[PDB]
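A short worksheet on the structure shown next.
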Amino acid sequence: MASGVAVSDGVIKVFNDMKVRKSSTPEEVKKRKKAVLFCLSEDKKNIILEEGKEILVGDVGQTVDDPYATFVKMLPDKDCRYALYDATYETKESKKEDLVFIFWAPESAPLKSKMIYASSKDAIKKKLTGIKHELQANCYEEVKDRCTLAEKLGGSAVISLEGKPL
Amino acid sequence: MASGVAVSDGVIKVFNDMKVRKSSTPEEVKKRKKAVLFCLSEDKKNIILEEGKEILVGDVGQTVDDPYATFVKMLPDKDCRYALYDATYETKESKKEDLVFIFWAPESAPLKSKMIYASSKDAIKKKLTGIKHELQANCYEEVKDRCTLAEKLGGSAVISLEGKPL
Amino acid sequence: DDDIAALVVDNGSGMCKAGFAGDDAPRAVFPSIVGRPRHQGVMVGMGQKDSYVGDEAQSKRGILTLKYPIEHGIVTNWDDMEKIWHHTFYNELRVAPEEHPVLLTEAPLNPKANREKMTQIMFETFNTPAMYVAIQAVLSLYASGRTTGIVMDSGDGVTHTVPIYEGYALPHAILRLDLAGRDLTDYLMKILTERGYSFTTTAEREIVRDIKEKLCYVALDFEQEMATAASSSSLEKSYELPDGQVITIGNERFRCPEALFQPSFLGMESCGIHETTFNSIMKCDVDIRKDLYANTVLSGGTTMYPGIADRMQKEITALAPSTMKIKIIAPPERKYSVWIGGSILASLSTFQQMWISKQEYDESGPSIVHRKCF
């Protein structure tokens, strides 16, 4: 196999928004998307962004202090989805942000949807024009764990994934 | 970097006073300022004179016989300050007075205040219109020592920094 | 956040870094490499998009040709340099250049032709509202709160000696030495290989970098130390490899830093770098030489090896005539001192008055940068 899907312009539009931040005032800094969920719409002809499911950085201040947990909750092994998440982590000087694509490809997910997803990773990153780092898990425990996110970092120079878990 | 601070008129006012002495009668000769402490006020926008901390020549006669010691006591490495001190020393004929700016820039001082101070030396002397001689130490031992003041002099023709220490 | 946080971009031969004002150190550090097709691309389907900047390119070194935008503190190829600035703002910092003004660092005695042109690119290519050019050696001396002295700067890619008196660098006291930080990493791997460990591919070169900050040590006395090493005992020191094996380093703990001090191990007939600093002092005015000894500052990249401060005192004492005091200035934040000096004085308010703006460039032109400094 090679590249299951060709692109519907939707992913690029939302990705572009994340890349420039699309923010100035305090009002929209908190409306910036820490994480976004991507999936392929029915017939799987096109790849798009899911309106219903997304994670905002403003949430940590607004009401939820663990964005990387909500993501775990809204990503059942029951459904296979594509996602972009901002690392937003501290390494003993200050904190930056690594763009990471999160692949959720649970083996146990319904075969019909999951199989196209699995086969489409080359096609999905094909439009990603090579992505920096990636995290992939097929189960809740790998997605849930702090260490998997920290593995990317290196793990010997990171005391605080979110300023508290490590 | 070039010149961290622009001037608030305060330093010039006090400096001008030292330059003409502003004295006639015996009453104000002893109220002349042997040493003055300068610092930059909060926000570091402006440079001024500290009302609380200063040294008077009259002190040697009045009650303290070692002005250059009191200065050491009131200049912790803990705080970074700018200062003007009058040499008031004897060289085997009689004694004169060299205007010297004393830079107190301890490495160990709180970084936030100290860092602006360090970067502001070109700016602070910029308003000084080039100053004759300067003494700079980042620790108590260099400020405490008689020899550092004597180094400026030359040191081979000075038997008495204050008429007794050397 | 909002007024003009000041984006600082620090450039060198390699291991470049950037951040925001008010910080105590830079937020992100990345490799300086650019890659395009080499050896016809390595087979099956060549043409694609290739111009990789960052550490993603490091893996891709075998299939992409790497060109250095910066060669030992200067920029020869501008096309590679532009990619780095694009990537730093948009991909590494992840902050819009438009809200925050950018400060660019420079190597001491930077050529005049380059200085006018770099300013030119910021104003038209990225439309940046404000920018400033600073010298890494000047800031490090400045950071200690001392304006009179000599600074030995260990850059992330190049080491320069720059004695500074009253903000002015001495043209007759500055020399260029090419061994600084990245080069040592290559060297450490090279001696590690000699003992009996397998390094044959550029991919695992990066791994020794981790080794460098954790395991590089400087001995109080090199020859005495060598005799101790033969017996082994407690000399061997543990280290973590991603796979699980631990590579033990015993007499290599002190020998690696020694290459700077003793180039002969490399195969160089050149004098040691500490000695090189001494030559600059000899050339300098005799009256201020005693002051210079008390004004010495150690900052940057690889000066953070423990025991280095102890070694410096010994060699300088042997090199110096005698009968006088030698004092070394040691700032806690010496690794980040170069970046730190630039970060703090970029947003106070009175630094607003001093900024070189885009609007000014349009009027006077390239000539403006020479005119307002001092």
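If you're wondering about the labels, chains in the structure tokens are A, B, ... by order shown, residues count from 1 in each chain, ligands from 1 in order shown.
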
Report the residues of chain A whose backbone DSSP state falls under helix (DSSP H, G or I), written as a short mmCIF file (atom, residue, chain, number, x, y, z; two decimals) with N, CA, C and O atoms, in the first residue's frame.
data_model
loop_
_atom_site.label_atom_id
_atom_site.label_comp_id
_atom_site.auth_asym_id
_atom_site.auth_seq_id
_atom_site.Cartn_x
_atom_site.Cartn_y
_atom_site.Cartn_z
N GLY A 10 -9.47 20.98 4.39
CA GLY A 10 -9.86 21.26 5.77
C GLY A 10 -8.73 21.18 6.80
O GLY A 10 -8.59 22.06 7.65
N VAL A 11 -7.92 20.12 6.73
CA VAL A 11 -6.80 19.93 7.66
C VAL A 11 -5.78 21.07 7.58
O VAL A 11 -5.30 21.56 8.59
N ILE A 12 -5.46 21.46 6.35
CA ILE A 12 -4.50 22.53 6.12
C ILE A 12 -5.00 23.85 6.72
O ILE A 12 -4.23 24.60 7.31
N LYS A 13 -6.29 24.11 6.56
CA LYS A 13 -6.91 25.32 7.10
C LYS A 13 -6.77 25.41 8.63
O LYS A 13 -6.38 26.45 9.16
N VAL A 14 -7.13 24.33 9.33
CA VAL A 14 -7.00 24.31 10.78
C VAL A 14 -5.53 24.27 11.24
O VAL A 14 -5.17 24.92 12.23
N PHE A 15 -4.69 23.50 10.54
CA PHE A 15 -3.26 23.41 10.85
C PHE A 15 -2.58 24.78 10.72
O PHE A 15 -1.73 25.14 11.53
N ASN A 16 -2.96 25.51 9.67
CA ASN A 16 -2.41 26.84 9.41
C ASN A 16 -2.72 27.77 10.58
O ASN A 16 -1.88 28.59 10.98
N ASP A 17 -3.92 27.63 11.11
CA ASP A 17 -4.37 28.44 12.24
C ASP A 17 -3.43 28.19 13.45
O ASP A 17 -2.98 29.14 14.09
N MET A 18 -3.17 26.92 13.75
CA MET A 18 -2.25 26.57 14.85
C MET A 18 -0.82 27.11 14.64
O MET A 18 -0.17 27.57 15.57
N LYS A 19 -0.35 27.02 13.39
CA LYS A 19 1.02 27.43 13.03
C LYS A 19 1.33 28.93 13.30
O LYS A 19 2.42 29.26 13.76
N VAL A 20 0.37 29.81 13.03
CA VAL A 20 0.56 31.26 13.26
C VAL A 20 -0.04 31.73 14.62
O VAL A 20 0.16 32.87 15.05
N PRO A 26 -5.63 38.99 25.06
CA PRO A 26 -5.77 37.96 26.10
C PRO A 26 -7.00 37.08 25.85
O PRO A 26 -7.04 35.91 26.26
N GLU A 27 -8.00 37.66 25.21
CA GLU A 27 -9.25 36.96 24.89
C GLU A 27 -9.05 35.73 23.98
O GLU A 27 -9.69 34.70 24.20
N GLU A 28 -8.18 35.83 22.98
CA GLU A 28 -7.98 34.70 22.06
C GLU A 28 -6.73 33.85 22.33
O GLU A 28 -6.53 32.83 21.66
N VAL A 29 -5.91 34.23 23.29
CA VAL A 29 -4.74 33.41 23.62
C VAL A 29 -5.23 32.13 24.29
O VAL A 29 -4.68 31.04 24.10
N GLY A 58 -6.62 27.51 26.81
CA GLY A 58 -7.37 28.36 27.74
C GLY A 58 -8.10 27.56 28.81
O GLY A 58 -8.41 28.08 29.87
N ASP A 59 -8.33 26.30 28.51
CA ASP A 59 -9.02 25.37 29.39
C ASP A 59 -8.27 25.20 30.71
O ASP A 59 -8.91 25.11 31.76
N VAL A 60 -6.94 25.17 30.66
CA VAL A 60 -6.13 24.97 31.88
C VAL A 60 -6.42 26.10 32.88
O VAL A 60 -6.54 25.87 34.08
N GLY A 61 -6.53 27.32 32.37
CA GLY A 61 -6.87 28.44 33.22
C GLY A 61 -8.38 28.54 33.49
O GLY A 61 -8.81 28.85 34.59
N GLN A 62 -9.17 28.31 32.43
CA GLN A 62 -10.64 28.40 32.46
C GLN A 62 -11.35 27.45 33.45
O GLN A 62 -12.23 27.88 34.20
N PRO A 67 -5.37 19.20 30.40
CA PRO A 67 -5.76 18.95 29.00
C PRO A 67 -5.34 17.56 28.54
O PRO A 67 -6.06 16.87 27.81
N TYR A 68 -4.14 17.16 28.97
CA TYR A 68 -3.63 15.84 28.64
C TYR A 68 -4.16 14.88 29.71
O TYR A 68 -3.48 14.51 30.67
N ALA A 69 -5.40 14.51 29.47
CA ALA A 69 -6.21 13.62 30.31
C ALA A 69 -7.60 13.65 29.70
O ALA A 69 -8.25 12.62 29.54
N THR A 70 -8.05 14.87 29.38
CA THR A 70 -9.32 15.07 28.69
C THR A 70 -9.22 14.38 27.33
O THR A 70 -10.16 13.75 26.86
N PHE A 71 -8.04 14.53 26.73
CA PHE A 71 -7.70 13.91 25.46
C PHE A 71 -7.82 12.39 25.58
O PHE A 71 -8.29 11.71 24.67
N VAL A 72 -7.34 11.86 26.71
CA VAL A 72 -7.41 10.43 27.01
C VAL A 72 -8.88 9.96 27.11
O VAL A 72 -9.24 8.89 26.63
N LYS A 73 -9.71 10.80 27.74
CA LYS A 73 -11.14 10.54 27.94
C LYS A 73 -11.95 10.54 26.64
O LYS A 73 -12.87 9.73 26.45
N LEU A 111 -13.00 -2.48 13.19
CA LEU A 111 -12.11 -2.78 12.10
C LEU A 111 -12.35 -1.95 10.85
O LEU A 111 -11.40 -1.52 10.21
N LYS A 112 -13.61 -1.74 10.50
CA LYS A 112 -13.92 -1.04 9.25
C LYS A 112 -13.32 0.39 9.19
O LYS A 112 -12.68 0.76 8.22
N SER A 113 -13.55 1.19 10.24
CA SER A 113 -12.99 2.55 10.31
C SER A 113 -11.48 2.57 10.54
O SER A 113 -10.73 3.32 9.91
N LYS A 114 -11.05 1.72 11.47
CA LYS A 114 -9.66 1.62 11.89
C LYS A 114 -8.71 1.21 10.76
O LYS A 114 -7.61 1.73 10.65
N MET A 115 -9.15 0.26 9.95
CA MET A 115 -8.32 -0.23 8.85
C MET A 115 -7.95 0.84 7.81
O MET A 115 -6.83 0.85 7.32
N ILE A 116 -8.88 1.71 7.47
CA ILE A 116 -8.57 2.80 6.54
C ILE A 116 -7.59 3.77 7.20
O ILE A 116 -6.65 4.25 6.57
N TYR A 117 -7.80 4.02 8.50
CA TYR A 117 -6.94 4.91 9.28
C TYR A 117 -5.50 4.42 9.31
O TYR A 117 -4.56 5.20 9.10
N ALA A 118 -5.34 3.14 9.57
CA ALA A 118 -4.02 2.54 9.65
C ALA A 118 -3.26 2.68 8.34
O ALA A 118 -2.12 3.12 8.32
N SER A 119 -3.95 2.37 7.26
CA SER A 119 -3.41 2.44 5.89
C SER A 119 -3.17 3.87 5.40
O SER A 119 -2.39 4.11 4.47
N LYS A 121 -1.88 6.46 7.22
CA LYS A 121 -0.85 7.27 7.90
C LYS A 121 0.17 7.91 6.93
O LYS A 121 0.54 9.07 7.11
N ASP A 122 0.63 7.18 5.92
CA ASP A 122 1.54 7.78 4.94
C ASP A 122 0.87 8.93 4.20
O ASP A 122 1.48 9.96 3.94
N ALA A 123 -0.40 8.73 3.86
CA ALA A 123 -1.18 9.74 3.16
C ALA A 123 -1.47 10.96 4.03
O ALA A 123 -1.41 12.10 3.57
N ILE A 124 -1.77 10.72 5.31
CA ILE A 124 -2.07 11.82 6.21
C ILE A 124 -0.81 12.65 6.50
O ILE A 124 -0.89 13.88 6.59
N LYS A 125 0.35 12.01 6.68
CA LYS A 125 1.57 12.77 6.93
C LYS A 125 2.15 13.30 5.62
O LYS A 125 3.06 14.14 5.64
N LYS A 126 1.67 12.76 4.50
CA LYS A 126 2.12 13.21 3.19
C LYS A 126 1.80 14.70 3.03
O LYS A 126 2.59 15.48 2.51
N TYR A 140 -5.40 2.90 25.92
CA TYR A 140 -5.52 3.99 26.90
C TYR A 140 -4.29 4.17 27.79
O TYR A 140 -3.90 5.30 28.06
N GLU A 141 -3.67 3.08 28.23
CA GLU A 141 -2.52 3.20 29.14
C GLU A 141 -1.33 3.96 28.53
O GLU A 141 -0.69 4.75 29.21
N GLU A 142 -1.02 3.73 27.25
CA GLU A 142 0.08 4.46 26.62
C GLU A 142 -0.26 5.94 26.42
O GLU A 142 0.60 6.80 26.57
N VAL A 143 -1.51 6.22 26.03
CA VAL A 143 -1.96 7.61 25.84
C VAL A 143 -2.05 8.34 27.20
O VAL A 143 -1.72 9.52 27.31
N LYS A 144 -2.55 7.63 28.20
CA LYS A 144 -2.69 8.13 29.58
C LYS A 144 -1.36 8.53 30.25
O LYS A 144 -1.28 9.53 30.95
N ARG A 146 2.24 9.80 31.29
CA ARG A 146 3.09 10.99 31.24
C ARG A 146 4.42 10.70 30.54
O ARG A 146 4.95 11.51 29.78
N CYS A 147 4.96 9.51 30.82
CA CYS A 147 6.26 9.08 30.33
C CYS A 147 6.34 9.04 28.80
O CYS A 147 7.38 9.39 28.24
N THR A 148 5.30 8.59 28.12
CA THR A 148 5.34 8.52 26.65
C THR A 148 5.57 9.92 26.03
O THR A 148 6.34 10.06 25.08
N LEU A 149 4.90 10.94 26.57
CA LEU A 149 5.09 12.33 26.11
C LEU A 149 6.55 12.77 26.43
O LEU A 149 7.23 13.40 25.62
N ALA A 150 7.03 12.37 27.61
CA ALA A 150 8.38 12.69 28.10
C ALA A 150 9.51 11.98 27.33
O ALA A 150 10.64 12.47 27.27
N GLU A 151 9.19 10.83 26.75
CA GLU A 151 10.15 10.00 25.98
C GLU A 151 10.71 10.80 24.80
O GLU A 151 11.89 10.71 24.46
N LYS A 152 9.83 11.56 24.17
CA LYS A 152 10.16 12.41 23.03
C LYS A 152 11.22 13.46 23.39
O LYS A 152 12.12 13.77 22.62
N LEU A 153 11.03 13.98 24.57
CA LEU A 153 11.85 15.03 25.16
C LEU A 153 13.30 14.56 25.39
O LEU A 153 14.27 15.28 25.17
#

Q: Give me the residues within 6 Å of stretch 322-335 of chain C as a ChimeraX atom specification, counting only C-alpha atoms and dropping any in the same chain fewer than 2 places off.
A: /C:293-294,296-297,299-301,320,337

Q) If you count only C-alpha atoms, which residues fall within 10 Å of residue A:109, apart from same-chain ones fewer than 4 positions away, as a list in words? A)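 Once the nearby chain positions are removed, what remains is residues 76, 77, 78, 79, 80, 104, 105, 113, 114, 115, 138 and 139 of chain A.
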
Q: Counting only C-alpha atoms, collect the residues of chain C whose closest atom lies at most 10 Å from chain A, and write them out as a PyMOL selection string.
A: chain C and resi 1-2+19+23-28+49+54-57+89-97+99+210+240+242+336

Hey, can you spit out that residue selection with N, CA, C and O atoms as a CSV table (one decimal), in the first residue's frame?
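Contents of out.csv, freshly written:
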chain,number,residue,atom,x,y,z
C,1,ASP,N,4.3,39.6,27.4
C,1,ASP,CA,3.1,39.5,26.7
C,1,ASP,C,2.4,40.8,26.3
C,1,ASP,O,1.9,41.5,27.3
C,2,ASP,N,2.6,41.3,25.1
C,2,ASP,CA,1.9,42.5,24.5
C,2,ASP,C,2.8,43.7,24.2
C,2,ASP,O,2.9,44.1,23.0
C,19,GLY,N,14.7,33.1,22.6
C,19,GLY,CA,13.8,33.2,23.7
C,19,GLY,C,13.0,34.5,23.8
C,19,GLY,O,12.8,35.2,22.8
C,23,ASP,N,13.4,36.7,30.8
C,23,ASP,CA,13.8,35.3,31.1
C,23,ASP,C,15.3,35.2,31.6
C,23,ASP,O,16.1,36.1,31.4
C,24,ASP,N,15.6,34.1,32.3
C,24,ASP,CA,16.9,33.9,32.9
C,24,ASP,C,17.8,33.0,32.0
C,24,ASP,O,18.9,32.8,32.3
C,25,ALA,N,17.2,32.6,30.9
C,25,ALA,CA,17.9,31.7,29.9
C,25,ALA,C,17.0,31.6,28.7
C,25,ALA,O,15.8,31.8,28.8
C,26,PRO,N,17.6,31.2,27.5
C,26,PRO,CA,16.7,31.0,26.3
C,26,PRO,C,15.8,29.8,26.4
C,26,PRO,O,16.1,28.8,27.0
C,27,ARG,N,14.6,30.0,25.8
C,27,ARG,CA,13.6,29.0,25.8
C,27,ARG,C,13.9,27.7,24.9
C,27,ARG,O,13.6,26.6,25.3
C,28,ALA,N,14.5,27.9,23.8
C,28,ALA,CA,14.8,26.8,22.9
C,28,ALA,C,16.2,26.9,22.2
C,28,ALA,O,16.6,28.0,21.8
C,49,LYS,N,10.8,18.0,-1.9
C,49,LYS,CA,11.1,19.2,-1.2
C,49,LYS,C,12.1,18.9,-0.1
C,49,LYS,O,11.9,18.1,0.8
C,54,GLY,N,17.0,22.4,11.5
C,54,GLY,CA,16.7,21.9,12.8
C,54,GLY,C,17.4,20.5,13.1
C,54,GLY,O,18.3,20.1,12.3
C,55,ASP,N,16.9,19.8,14.1
C,55,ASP,CA,17.5,18.5,14.3
C,55,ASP,C,16.8,17.3,13.6
C,55,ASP,O,17.2,16.2,13.7
C,56,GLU,N,15.7,17.7,12.9
C,56,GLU,CA,15.1,16.7,12.0
C,56,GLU,C,16.0,16.3,10.9
C,56,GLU,O,15.9,15.2,10.4
C,57,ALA,N,16.7,17.3,10.4
C,57,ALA,CA,17.7,17.2,9.4
C,57,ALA,C,18.9,16.3,9.7
C,57,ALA,O,19.5,15.7,8.9
C,89,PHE,N,11.1,31.3,14.2
C,89,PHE,CA,9.8,32.0,14.6
C,89,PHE,C,8.6,31.1,14.5
C,89,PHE,O,7.9,30.9,15.5
C,90,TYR,N,8.3,30.6,13.3
C,90,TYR,CA,7.1,29.8,13.0
C,90,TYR,C,7.1,28.4,13.6
C,90,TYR,O,6.1,28.0,14.0
C,91,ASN,N,8.3,27.7,13.6
C,91,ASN,CA,8.3,26.4,14.1
C,91,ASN,C,8.9,26.2,15.5
C,91,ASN,O,8.5,25.4,16.3
C,92,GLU,N,10.1,26.8,15.8
C,92,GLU,CA,10.7,26.6,17.1
C,92,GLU,C,10.2,27.5,18.3
C,92,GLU,O,9.9,26.9,19.3
C,93,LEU,N,10.1,28.8,18.1
C,93,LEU,CA,9.6,29.7,19.1
C,93,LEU,C,8.0,29.6,19.2
C,93,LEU,O,7.4,29.8,20.2
C,94,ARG,N,7.4,29.5,18.0
C,94,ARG,CA,6.0,29.4,17.8
C,94,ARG,C,5.3,30.7,18.3
C,94,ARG,O,4.2,30.7,18.9
C,95,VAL,N,6.0,31.8,18.0
C,95,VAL,CA,5.5,33.2,18.3
C,95,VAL,C,5.5,34.0,17.0
C,95,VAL,O,6.5,34.0,16.2
C,96,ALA,N,4.5,34.9,16.8
C,96,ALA,CA,4.5,35.7,15.6
C,96,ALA,C,5.6,36.9,15.7
C,96,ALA,O,5.6,37.6,16.7
C,97,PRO,N,6.5,37.0,14.7
C,97,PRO,CA,7.5,38.0,14.7
C,97,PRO,C,7.0,39.5,14.7
C,97,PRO,O,7.6,40.4,15.2
C,99,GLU,N,4.3,40.8,16.4
C,99,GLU,CA,4.1,41.4,17.8
C,99,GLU,C,5.4,41.7,18.5
C,99,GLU,O,5.5,42.7,19.2
C,210,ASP,N,24.9,14.5,24.9
C,210,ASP,CA,24.4,14.2,26.2
C,210,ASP,C,25.5,13.8,27.2
C,210,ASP,O,25.5,14.2,28.3
C,240,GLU,N,24.2,6.9,30.8
C,240,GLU,CA,23.0,6.2,30.2
C,240,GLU,C,22.9,6.4,28.7
C,240,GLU,O,22.8,7.4,28.1
C,242,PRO,N,20.5,5.4,25.4
C,242,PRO,CA,19.0,5.1,25.1
C,242,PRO,C,18.6,3.6,25.1
C,242,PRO,O,17.6,3.2,25.6
C,336,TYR,N,24.4,30.4,30.0
C,336,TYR,CA,23.4,31.2,29.3
C,336,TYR,C,23.7,32.7,29.4
C,336,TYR,O,22.9,33.5,28.9

Q: Apply DSSP to the backbone of this structure and, from stretch 6-139 of chain A, keep only the residues in strand (DSSP E); write these as JSON, numbers by chain.
A: {"A": [33, 34, 35, 36, 37, 38, 39, 40, 47, 48, 49, 50, 51, 52, 53, 54, 55, 56, 81, 82, 83, 84, 85, 86, 90, 91, 94, 95, 99, 100, 101, 102, 103, 104, 133, 134, 135, 136, 137]}

Same residues, C-alpha atoms, output as an mmCIF file, in the first residue's frame:
data_model
loop_
_atom_site.group_PDB
_atom_site.id
_atom_site.type_symbol
_atom_site.label_atom_id
_atom_site.label_comp_id
_atom_site.auth_asym_id
_atom_site.auth_seq_id
_atom_site.Cartn_x
_atom_site.Cartn_y
_atom_site.Cartn_z
ATOM 1 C CA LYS A 33 -6.128 25.085 20.244
ATOM 2 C CA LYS A 34 -3.777 22.984 22.401
ATOM 3 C CA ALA A 35 -5.148 19.903 20.676
ATOM 4 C CA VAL A 36 -7.315 19.255 17.641
ATOM 5 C CA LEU A 37 -9.004 16.059 16.497
ATOM 6 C CA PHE A 38 -8.869 15.010 12.896
ATOM 7 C CA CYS A 39 -10.773 12.246 11.236
ATOM 8 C CA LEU A 40 -11.868 11.187 7.834
ATOM 9 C CA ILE A 47 -9.821 14.202 5.526
ATOM 10 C CA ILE A 48 -11.173 16.933 7.802
ATOM 11 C CA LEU A 49 -11.307 18.406 11.294
ATOM 12 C CA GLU A 50 -13.928 17.349 13.859
ATOM 13 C CA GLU A 51 -16.015 20.320 15.041
ATOM 14 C CA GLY A 52 -17.315 18.442 18.056
ATOM 15 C CA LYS A 53 -13.985 17.391 19.545
ATOM 16 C CA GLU A 54 -11.032 19.725 20.321
ATOM 17 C CA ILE A 55 -8.804 20.889 23.234
ATOM 18 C CA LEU A 56 -8.035 24.548 24.120
ATOM 19 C CA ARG A 81 -8.897 9.252 15.161
ATOM 20 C CA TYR A 82 -6.030 11.510 13.993
ATOM 21 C CA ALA A 83 -4.878 14.336 16.283
ATOM 22 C CA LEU A 84 -2.556 17.323 16.690
ATOM 23 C CA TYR A 85 -1.430 18.252 20.164
ATOM 24 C CA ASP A 86 0.934 20.949 21.433
ATOM 25 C CA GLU A 90 8.845 22.576 30.841
ATOM 26 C CA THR A 91 12.490 21.682 30.501
ATOM 27 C CA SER A 94 11.465 27.631 30.816
ATOM 28 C CA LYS A 95 8.912 26.103 28.439
ATOM 29 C CA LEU A 99 4.303 20.234 17.356
ATOM 30 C CA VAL A 100 3.362 16.616 17.558
ATOM 31 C CA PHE A 101 0.895 14.608 15.673
ATOM 32 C CA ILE A 102 -0.843 12.100 17.835
ATOM 33 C CA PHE A 103 -1.851 8.919 16.158
ATOM 34 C CA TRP A 104 -4.596 7.045 17.768
ATOM 35 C CA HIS A 133 7.914 14.223 16.345
ATOM 36 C CA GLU A 134 5.033 11.794 16.787
ATOM 37 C CA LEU A 135 3.355 9.837 19.572
ATOM 38 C CA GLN A 136 1.370 6.720 18.790
ATOM 39 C CA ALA A 137 -0.549 4.370 21.047
#

Q. How far is it from atom CA of residue C:116 to atom CA of residue C:83, in Å with one decimal?
A.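 For atom CA of residue C:116 relative to atom CA of residue C:83, the distance reads 19.3 Å.
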
**Q.** Nearest residue to residue C:100 from the set C:309, C:241, C:246, C:7 (distances using only C-alpha atoms)
**A.**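 Closest residue, counting only C-alpha atoms: C:7.
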
Q) So how far away is atom CA of residue C:274 from atom CA of residue C:68, in Å? A) 27.3 Å
